[PDB]
Amino acid sequence: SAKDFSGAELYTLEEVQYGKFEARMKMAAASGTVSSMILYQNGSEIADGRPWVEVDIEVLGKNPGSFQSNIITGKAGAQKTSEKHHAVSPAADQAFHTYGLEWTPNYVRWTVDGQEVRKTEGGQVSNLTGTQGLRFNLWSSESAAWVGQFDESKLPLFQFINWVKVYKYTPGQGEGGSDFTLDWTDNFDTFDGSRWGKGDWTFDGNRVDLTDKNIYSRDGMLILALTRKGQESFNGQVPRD
Ligand SMILES: [Ca+2]
Ligand SMILES: [Ca+2]
Ligand SMILES: [Ca+2]
């Protein structure tokens with residue numbers, strides 16, 4: 001649209017209340033970029049007084065060896081946040097890792113390759129009311145302090161998603177008596193339009209227009225691309241997981 005760069009956002013058409021969410025991915029990273037997996041209550045961004053409900057995993061480009069976790073509550077223009085950082089090894093853009101988010105009435109948990117890196121309870125959790133959809137996005141932030149100055153010479157960049165698993169919150173009824181039960185898996189052999197949407201919008205602080213042109217399906221993976229406007233393409237080699 002009106003911006004000079006093109007990014008991408010894969011989002012579930014449906015939203016859910018609570019659950020466990022896993023995504024097998026190799027993230028993108030260069031100074032200035034944001035490569036993510038998030039839970040998001042659609043409409044949170046509307047400043048009409050309604051609450052903001054969001055849980056994040058965001059690889060900040062200048063620091064590929066870690067990701068920032070966050071929970072955003074409060075409301076548009078007055079967000080309450082809780083940014084923390086977690087080391088990832090090998091670096092997020094150097095290997096596939098399984099990223100997990102668990103959201104229940106009592107806590108939000110973040111896992112990497114099955115290991116807990118963060119568990120939050122309390123106020124913000126009590127305010128993650130309603131439903132959230134699962135999304136993945138690749139963009140560039142104008143806050144250099146947050147992600148580093150944007151190095152356009154590193155473009156194009158790609159985030160690869162091998163598969164996604166979504167589990168329903170079934171307290172005390174999952175396997176081994178756990179609290180989750182697998183609901184569905186998407187192996188990304190194709191782009192399933194009955195399950196996912198491709199974003200076509202932008203927001204303040206984002207120097208890219210999220211576009212459906214930058215979501216590709218190849219060799220069993222879903223690819224999100226960050227490119228200069230007018231150079232939207234993927235010709236490279238899809239990595240092996
Ligand atoms: Ca620059
Ligand atoms: Ca796959
Ligand atoms: Ca769209």
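All values below were derived from every heavy atom in this structure, side-chain atoms included, with hydrogens, water molecules and symmetry-related copies excluded. Counting convention: from 1, in listed order, for ligands and their atoms alike. Counting from 1, the numbers follow the sequence of the chain as shown.
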Self-check item: Stepwise side chain to side chain contact (heavy atoms under 4.5 Å, CB included) test for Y167 and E22
Solution: CA-CA 9 Å; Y167 304 67; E22 295 180 317; 2.7 Å; yes
Exercise. Could you confirm whether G220 has any N/O/S atom lying under 3.0 Å from the Ca ion (ligand 2)?
Key: yes
Quiz item: Is there an N/O/S atom in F150 at a distance below 3.0 Å from the Ca ion (ligand 1)?
Solution: yes
Exercise. Specify whether an N/O/S atom of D200 falls short of 3.0 Å from the Ca ion (ligand 3).
Key: yes
Quiz item: Counting backbone and side chain alike, does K198 bring an N/O/S atom below 3.0 Å of the Ca ion (ligand 3)?
Solution: yes
Quiz item: Measuring to the Ca ion (ligand 2), does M221 have an N/O/S atom at a distance below 3.0 Å?
Solution: no
Quiz item: Is it true that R218 and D189 have a side-chain N and a carboxylate O under 4.0 angstrom from each other?
Solution: no
Quiz item: Do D56 and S36 get their side chains close enough for a donor-acceptor pair, meaning under 3.5 Å?
Solution: no
Quiz item: Do you know which of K84, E58, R118 makes side chain to side chain donor-acceptor pair (under 3.5 Å) with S69?
Solution: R118
Exercise. Go through the steps to decide whether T33 and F150 satisfy the test side chain to side chain contact (heavy atoms under 4.5 Å, CB included), and finish with yes or no.
Key: CA-CA 7 Å; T33 68; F150 190 41; 4.0 Å; yes
Quiz item: Are any N, O or S atoms from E152 nearer to the Ca ion (ligand 1) than 3.0 Å?
Solution: yes
Quiz item: At the Ca ion (ligand 2), what is the angle formed between atom O of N162 and atom O of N187, rounded to the nearest 10°?
Solution: 70°
Quiz item: Do you see a donor-acceptor pair shorter than 3.5 Å between the side chains of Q124 and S82?
Solution: yes
